[PDB]
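K.L.:
First piece of the complex, coordinates kept as in the full assembly:
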Amino acid sequence: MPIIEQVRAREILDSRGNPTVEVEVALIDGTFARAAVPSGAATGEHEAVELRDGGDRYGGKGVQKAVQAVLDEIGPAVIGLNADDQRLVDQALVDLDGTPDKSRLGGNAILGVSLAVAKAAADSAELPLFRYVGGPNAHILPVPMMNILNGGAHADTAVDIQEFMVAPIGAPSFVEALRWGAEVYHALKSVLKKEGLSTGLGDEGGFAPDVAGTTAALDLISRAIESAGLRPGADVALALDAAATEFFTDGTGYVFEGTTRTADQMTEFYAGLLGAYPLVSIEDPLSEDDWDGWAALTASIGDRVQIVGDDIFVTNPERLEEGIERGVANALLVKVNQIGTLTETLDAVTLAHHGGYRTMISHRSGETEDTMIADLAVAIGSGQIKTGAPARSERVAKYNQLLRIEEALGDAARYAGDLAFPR
Amino acid sequence: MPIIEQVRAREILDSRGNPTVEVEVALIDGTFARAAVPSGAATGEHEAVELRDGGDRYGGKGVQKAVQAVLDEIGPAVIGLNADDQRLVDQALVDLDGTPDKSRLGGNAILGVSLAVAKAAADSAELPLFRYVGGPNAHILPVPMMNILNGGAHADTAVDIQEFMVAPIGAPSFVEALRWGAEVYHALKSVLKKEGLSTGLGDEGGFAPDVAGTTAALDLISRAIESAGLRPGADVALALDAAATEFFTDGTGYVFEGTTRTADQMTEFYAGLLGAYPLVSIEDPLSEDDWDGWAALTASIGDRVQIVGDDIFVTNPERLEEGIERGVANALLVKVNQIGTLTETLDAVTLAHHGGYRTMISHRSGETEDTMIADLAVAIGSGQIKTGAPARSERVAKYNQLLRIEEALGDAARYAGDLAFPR
Amino acid sequence: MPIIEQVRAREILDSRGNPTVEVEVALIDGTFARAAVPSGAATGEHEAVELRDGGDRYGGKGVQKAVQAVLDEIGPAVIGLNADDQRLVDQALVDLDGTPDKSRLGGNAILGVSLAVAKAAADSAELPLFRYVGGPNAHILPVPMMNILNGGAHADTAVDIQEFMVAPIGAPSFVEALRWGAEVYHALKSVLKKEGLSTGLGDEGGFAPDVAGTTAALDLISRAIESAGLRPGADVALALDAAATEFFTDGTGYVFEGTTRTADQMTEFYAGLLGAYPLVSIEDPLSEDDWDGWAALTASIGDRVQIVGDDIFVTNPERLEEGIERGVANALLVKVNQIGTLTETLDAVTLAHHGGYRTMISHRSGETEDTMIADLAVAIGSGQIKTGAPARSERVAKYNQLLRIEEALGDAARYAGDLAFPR
């Protein structure tokens, strides 16, 4: 039987070189699964507490504290439970911690176990992770949202918008879809060389040049698309993570490209681009708690584009429900480590999906070699994934895993294609 | 490995005493699963072709024809395939048949194999059917929609509306929820005795008295609710399957309670009841192809009540998509045998769920001892099921299986309760 | 038994976003191993032929050609052989190709199989890859040579020397050793910020600022070491890959920092630094075929520093033997993909090790999520590894795997420390 028999945990380095939690689970039937926990550069206020060691080591960013929680407290608590009772294991961890924000054991320890338990469950079931999580109907390969020009907090550059990504919605398959993104990325490299701009990479592996403004970046991407013999829009669409939390002052407003601006001021600018450019998606265009601004933007342009809530929802059913009720955004960015457990994440997906909202499975600035979200994207049938550029193997590894799932699925597999966005 | 090794099929009797298809699947690892196929009394035009033998036997309702298709054609075609590649097995069956409406091998043969393969997959995975189909997050026990007064085609009575059902939305758990329905049903029995009306059962095990009109029935149910020491609405809500296809004349209109009436005429009457009674759901209030009428009813009262499409969608993504586009209804009645495969069914659920529509897993007038839909309701997290009265074990068996799933889930389990209907 | 039963191969993306070969091997005992093949940005002339597709796809850098070789030719050839007869499998592949430079099937296909077969062997033996390859005595954790400032071909910058790396020789353990490098890297980030220089990353995840000269870079690294509260030399030493092939003109000489210079000219400059800075290692200081220059440099400063042959030996026993005979260099850079097989690599290690030469296991500019070389470094007991910065998970993943091996080894484990370099 798949009965949890051993829970070990160790400290490893994420893609930025910062420590994080890796968890290992053994079942009485000799199953061995391993899950590693990502970390965002700038984390939203309402995220689950990341338990850091503090002090001298790794500039206080150590997670030995979180590792001992797993060995000392969680292991003893879940050992004896059944690995395929995810909700019961997840509820035990949540109850063991006993805090709203998972501040006792840490979301990074809690999730470490949540994910490792899920992988062990699927190995023991002799099912690939996407098939076990999403059932036998898991088959929709997602549109890669590939962040090829990096700004905001993932770059030490003076670019305001955090992510500029390409969406090969026109591709007939994932294998072609991934080729297109790759081929556009390499094109952009040459474009940036031609214009004498920087090709040093940011955190998610996009190029980090000191472009003048938002227009200028999108123009360079469009060039790159065309240079790669693809048509902007129909073949390859555009997307943003504005991340307007990281350039919003509590109460005051948004300090954005010279002029400190209102949500309505901003809302006009975003509408402008929908005109100029082939944008299918805009994420965190306004601040985490600027609830008024989002409703107006959503009311204004929601018919015309996909609006993705990241820091406003922090993958939280509580925050998401308020959103749905107030008609804030049409899509949820899904980040396991924001909420802290797999079941809390899927509850969030389920709420969004039942509320007619789309979902986009997301990585963090600090990723590991873990490919968990690759399977999660297909399992939940989101048809959209944001796991960074076609550069840096903490991003690429997910795309490689998506290739494998597509292979495994054979004729069963369908690429979400342009069906991901009605508008 | 879970590789299909043997496919046998035989003819059995459904709950009406009519033959139907039962399928058995063996995997190379010695897994043995069995699935039986239901049949509706009056089937919608756009349903999958049920392959009947014709001739003298069982008044032409034999399925020996369909049984040989399984032995002779399907067995040889799927043997060697992997049981947990549901979509690949389902696609092979669909391609082998090679017709739009599954008229070659018959939906009843095709589905027989589709479901048996799915059950074998789950046994081999050592997972309960709901866990394998819906993943580890399957936990939402559905609200039983219990049809305790039978009219229309399930009764040889002069009652116009086909189904009158009770919805114990107020119950804290499924185990209590099922008790309430049972206790209300037995109360209604005594009420009908008191009023000297009939307690002979219809097809779905509801009482089939010759009540004057629609009002009169709902009044008797309300009595019964109150007599059982429960509060109508808050504890126990009301629901209908109008089945207005079975009393609509192509082009003319709806011959309903004396007066042949327009969709707008009808629409006024339905709105009337929402006022008089605590209705959470109304199903097939207008005809299968009366596309104009549904839009007006949906526009009119859709804010005020759940509108369920049965014969208008026949569990067909094609028909459902047109509905969503034309804003026809807010919920899909899910019937595996209308569409013909498990994967086609789940595609339909997925379309509805992504379009912000609710889903209600449904039985047929002709049911078997099969409890498949009990698991399917929890797997898809619909939170609503219509599997008939708390009488006749072709209905009860599903409720017994729902009790078992609730047990298995323990603290994980949550009863959909009043969360199934916002309004 | 561990008898090769299935060989599958697919095309994936390396860390630059370029396609490469991934191979999967199944044994009759149901073992499943996967190995992925790296690729260097600028490859030495004498490396094994990388079989590229050419044409439009991935700017001609596709490897579908190589994938079919595996499926069509290699699979049929090795299936039936014993996975733990590495030399026999490797010899079969070499003979099947039948060319000096592996130009028929491609080193990238050949090696794909060589490595996958080795991993399957170790799984079947129930041994970690390092234990199976290096026997029960494999225990020496290597000194991480961490390339934290990137120039040459891994950067679109005007820096002449390709790699600037830090060597935490003073650390008591790998776990501390990796912390030091990480902590120094993050320090350098802050230093570069302070000096207003670029922190956009190069191919191996080092910072790619447009530093004036070689001195200036080494000075910034030393700052960073000191800023991290470690002592340059005793705690953290310095190392270079000059990669003088990529700035040498056939017959003419080396175009290096303004002045086109002789091997003797260069040799004086390198000796200068040994004075100024705490350098333990200098790699490819002169050109691949500049055999005369290396002897003089080796004669001149070989007593004073470790000289590492990369492109001069291309992991080739043939090239290495000439070197040993002519007393060219004191160390071999080991790259599996230069030579094409695991056994050819180990022959090369064995020649070097028996000739009193040290060995440094190396990655490529294009790496995958594969951690194979992490195990290989410990198995061969080199005590030195170059797998890039503590940034980008195609580098970090190896360091994470080295942490795991150190854990597994417990008290058995010894960190090579300052014992890696006598001088």
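P.N.:
Perfect, I can see it now. Residues are numbered from 1 along each chain as shown, chains lettered A, B, ... in the order given.
K.L.:
drop to CA atoms for contacts and neighbour counts, all remaining ones
P.N.:
Will do.
K.L.:
can you give me the strands for the stretch 101-250 of chain A?
P.N.:
For the stretch 101-250 of chain A, the strands defined by DSSP state E, counting those that start in this stretch cover A:140-141, A:143-144, A:146-150, A:163-167, A:237-241, A:248-249.
K.L.:
So which of the ones you listed is nearest residue B:144?
P.N.:
Of all the strands of the stretch 101-250 of chain A, strand A:140-141 sits nearest to residue B:144, with 31.4 Å by Cα to Cα.
K.L.:
Show me what from chain A comes close to chain C.
P.N.:
Contacts of chain A with chain C, taken as Cα under 8 Å from any Cα of the partner chain, map to A:12-18, A:57-59, A:155-156, A:179, A:182-183, A:193, A:198-202, A:207-208, A:367-369, A:390-394, A:396-397, A:399-400, A:403.
K.L.:
Only whichever of those residues are buried, select them in PyMOL.
P.N.:
Only the buried entries of the residues of chain A next to chain C go into this PyMOL selection, using 16 or more other Cα atoms under 10 Å in any protein chain shown:
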select buried, chain A and resi 12+13+14+15+16+17+18+58+155+156+179+182+183+198+199+200+201+202+207+208+367+368+369+390+391+392+393+394+396+397+399+400+403
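K.L.:
Contact residues of chain A facing chain B?
P.N.:
Residues of chain A lying near chain B (Cα under 8 Å from any Cα): A:84-88, A:91, A:125-127, A:131-137, A:343, A:346, A:353-358, A:409, A:411-412.
K.L.:
can I see the domain layout of chain A?
P.N.:
Chain A breaks down by curated CATH domains into domains covering A:3-126, A:127-423.
K.L.:
What separation do you get for the residue in chain A positioned nearest to chain B and residue B:353?
P.N.:
Chain A approaches chain B most closely through residue A:356 (3.8 Å), counting by Cα to the nearest Cα. Using Cα to Cα, to the nearest Å, residue A:356 is found at 7 Å from residue B:353.
K.L.:
which one of those two has more residues nearby?
P.N.:
Each of residue A:356 and residue B:353 has its neighbours counted (other Cα atoms under 10 Å in any protein chain shown); residue B:353 has more, 23 against 18.
K.L.:
Between the strands of the stretch 101-250 of chain A, which shows the greatest average number of neighbours?
P.N.:
strand A:146-150 (a mean of 30; mean count of other Cα atoms under 10 Å in any protein chain shown).
K.L.:
packing partners for it?
P.N.:
On a contact count with 3 or more Cα pairs under 8 Å, 6 or more residues apart in numbering or on different chains; DSSP states H and E, strand A:146-150 meets strand A:163-167.
K.L.:
and the strand it packs on with strand A:146-150, angle?
P.N.:
Here the directions of strand A:163-167 and strand A:146-150 differ by 150 degrees (axes from the mean of the first three to the mean of the last three Cα atoms, to 10 degrees).
K.L.:
Verify the stated contact: residue A:386 with residue A:145.
P.N.:
Yes. Residue A:386 lies in contact with residue A:145 (Cα atoms under 8 Å); the separation is 4.7 Å.
K.L.:
Show me where chain A has its helices.
P.N.:
Listed in chain order, the helices found in chain A under DSSP state H are A:64-69, A:75-78, A:86-97, A:107-124, A:129-134, A:174-194, A:214-227, A:263-276, A:291-301, A:317-325, A:336-339, A:342-354, A:372-379, A:393-409.
K.L.:
For the fifth one, name the packing helices and strands.
P.N.:
For helix A:129-134, the contact count by 3+ Cα pairs under 8 Å, 6+ apart identifies helix A:107-124, helix A:372-379, helix B:129-134 as packing neighbours.
K.L.:
who's in contact with residue A:411?
P.N.:
Shown in contact with residue A:411 (Cα atoms under 8 Å, 6 or more residues apart in numbering or on different chains): residue B:88.
K.L.:
give me the residue from the stretch 151-300 of chain A nearest chain C.
P.N.:
residue A:200 (3.9 Å).
K.L.:
Skipping adjacent residues, who's closest to that residue in space?
P.N.:
Nearest residue to residue A:200, sequence neighbours excluded (Cα to Cα, 6 or more residues apart in numbering or on different chains): residue C:200, at 3.9 Å.
K.L.:
Let's add chain D too:
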Amino acid sequence: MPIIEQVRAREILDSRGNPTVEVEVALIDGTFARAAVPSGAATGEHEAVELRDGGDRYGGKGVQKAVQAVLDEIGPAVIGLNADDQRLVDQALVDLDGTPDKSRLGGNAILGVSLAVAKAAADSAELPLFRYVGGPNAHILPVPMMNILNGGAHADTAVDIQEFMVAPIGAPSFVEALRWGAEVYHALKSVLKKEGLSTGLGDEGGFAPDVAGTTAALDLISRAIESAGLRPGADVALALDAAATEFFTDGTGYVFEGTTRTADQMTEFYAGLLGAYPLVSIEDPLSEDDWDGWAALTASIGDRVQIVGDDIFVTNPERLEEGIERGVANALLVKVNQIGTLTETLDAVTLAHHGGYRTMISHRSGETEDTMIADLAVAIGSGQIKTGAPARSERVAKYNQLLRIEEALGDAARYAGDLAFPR
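P.N.:
Next up, chain D placed on what we already have:
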């Protein structure tokens, strides 16, 4: 799993008829391995303490004392440990003893367990001992150094030099190599008969005639080579173990063939022979602690011949390191029982091999039916073995095991041939 479950030990007779330690190890997975411990006639001062019983039995040479140590102390200490964690098991034994020279439990008990554990590890891994110890690259069959004329302490004759051996360096394979030695040995038998000299065997199974001097012996061997239709040098080379410890007086000098002589006196004589005869190797030409003499001999003739350290290094990394530093000898004679553990032995090999020194795996005057060193020679890829004459099955058994390894390896196998000695 390969977890040590039982350690039994018993007293057996070596090839001289003296008791020694035999150890048996059982793993929880029902693996059964047996290792027997050799003993040298005259042991170097710096060897590990051989724990002898003393008293009446076997003239005090009993090892019941050592057997009880295994049963009473070591068994309980290592039971529960993992057999393939050699270094951890070896370190436990070393720590349990807790003395520099293994004088508490005895090297003969300690090693008994060290070797038995290693064999059990390899059985459980389902790998031949050479493959498990040396990894998949173990393939180099060693040159047999066959001691066919015995003097010194292995003979009750008046011959000064201890070993006169033949080296079939010219052979194309081990199977031919062993034939040549055998055929030369039988030839020497006939030569000795012709000259009316003795053919009674010494301890290692070489002929023990009372030859006049060192020249006279080498002349008889050369005759024998030629009589066997092989060419001295190119086909069959010559080698000595001078064993100058057993004819050196502390402080005074070496009493050798009439004249008590200086290290420089001796050094001239050895140089003389290199001229007269085809010698590839000379072992313990000077005394164990005569550190000055070895440096001069090594400086003098080290370019011209292989110098093997036996009693000077006693297979001790400590003693070997001093040697390497002082440039004493170019090769290490490897004897497991001198150092006391397999891991301490391999550390010694590793030091020598990384210092550019060759290694020769050696037996003892007192050998058992054990063939362990046959595998060890191939695992460490020494390409040289000294396991005595082609007579007496305590020698021959090793050659028979080398034949089997060569068979197993097939085309993988390479005979070290004349590649063992550059000079």
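K.L.:
Chain D added, so what about the contacts of residue A:411 now?
P.N.:
residue B:88.
K.L.:
Quickly note the distance from it to chain C.
P.N.:
17 Å (Cα to the nearest Cα, to the nearest Å).
K.L.:
cool, and residue A:107?
P.N.:
21 Å.
K.L.:
For burial, what's the neighbour tally of that residue?
P.N.:
Residue A:107: 29 neighbours (other Cα under 10 Å).
K.L.:
just checking, it touches residue A:337?
P.N.:
Yes. The criterion here is Cα under 8 Å, and residue A:107 meets it with residue A:337 at 6.7 Å.
K.L.:
For these two, list the residues in contact with both.
P.N.:
Shared contacts of residue A:107 and residue A:337, defined by Cα under 8 Å, 6+ apart, comprise residue A:48.
K.L.:
Grab the nearest non-local neighbour of residue A:400.
P.N.:
Closest to residue A:400 by Cα to Cα, 6+ apart is residue C:12, at 5.5 Å.
K.L.:
Surely the one you found touches residue A:398?
P.N.:
No. Using Cα under 8 Å, residue C:12 is not in contact with residue A:398; the gap is 10.6 Å.
K.L.:
picking that back up, how about the residue nearest to residue A:400, what does it touch?
P.N.:
A:400, A:403, C:19, C:20, C:21, C:22.
K.L.:
ok, what's across the strand from the last one?
P.N.:
Beta-bridge partners recorded for residue C:22 (DSSP bridges): residue C:10, residue C:36.
K.L.:
That one: how many residues sit nearby?
P.N.:
27.
K.L.:
I figured it was touching residue C:38, is that so?
P.N.:
No. Counting by Cα under 8 Å, residue C:22 stays clear of residue C:38, with 9.5 Å between them.
K.L.:
excluding its backbone neighbours, what's nearest the residue minimising distance to the centre of chain A?
P.N.:
Chain A has residue A:362 as the residue nearest its centroid, 1.2 Å off, counting by Cα atoms, centre = their mean. Nearest residue to residue A:362, sequence neighbours excluded (Cα to Cα, 6+ apart): residue A:386, at 4.9 Å.
K.L.:
How about residue A:262?
P.N.:
Residue A:262's closest residue in space is residue A:253 (Cα to Cα, 6+ apart), at 5.8 Å.
K.L.:
Show me what the one you found is bridged to.
P.N.:
In beta-bridge terms (that is, DSSP bridges), residue A:253 pairs with residue A:249.
K.L.:
so what's it up against?
P.N.:
Shown in contact with residue A:253 (Cα under 8 Å, 6+ apart): A:260, A:261, A:262, A:263.
K.L.:
Please apply the same query to residue A:401.
P.N.:
So residue A:401 contacts A:371, A:374, A:375 (Cα under 8 Å, 6+ apart).
K.L.:
Now with 7 Å, please.
P.N.:
A:371, A:374 (Cα atoms under 7 Å, 6 or more residues apart in numbering or on different chains).
K.L.:
Give me the distance between it and chain D.
P.N.:
30 Å.
K.L.:
how near is that residue to residue C:10?
P.N.:
The value you get for residue A:401 to residue C:10, if Cα to Cα is used, is 11 Å.
K.L.:
my read: the residue nearest to the centre of chain A touches residue A:337, true?
P.N.:
No. In this structure, residue A:362 is not within contact of residue A:337 by Cα atoms under 7 Å, at 10.1 Å.
K.L.:
any residues in contact with both of those two?
P.N.:
What both residue A:362 and residue A:337 touch, as defined by Cα under 7 Å, 6+ apart, is an empty set.
K.L.:
quick revisit: relative to residue A:274, which of the contacts of residue A:253 is nearest.
P.N.:
Using Cα to Cα, the contacts of residue A:253 come closest to residue A:274 at residue A:263, 16.6 Å.
K.L.:
Is the closest one in contact with residue A:291, as I believe?
P.N.:
No. The criterion here is Cα under 7 Å, and residue A:263 misses it with residue A:291 at 10.1 Å.
K.L.:
if we can go back for a sec, in terms of contact, does the residue nearest to residue A:362 touch residue A:364 like I think?
P.N.:
No. If you go by Cα under 7 Å, residue A:386 and residue A:364 don't touch, sitting 9.4 Å apart.
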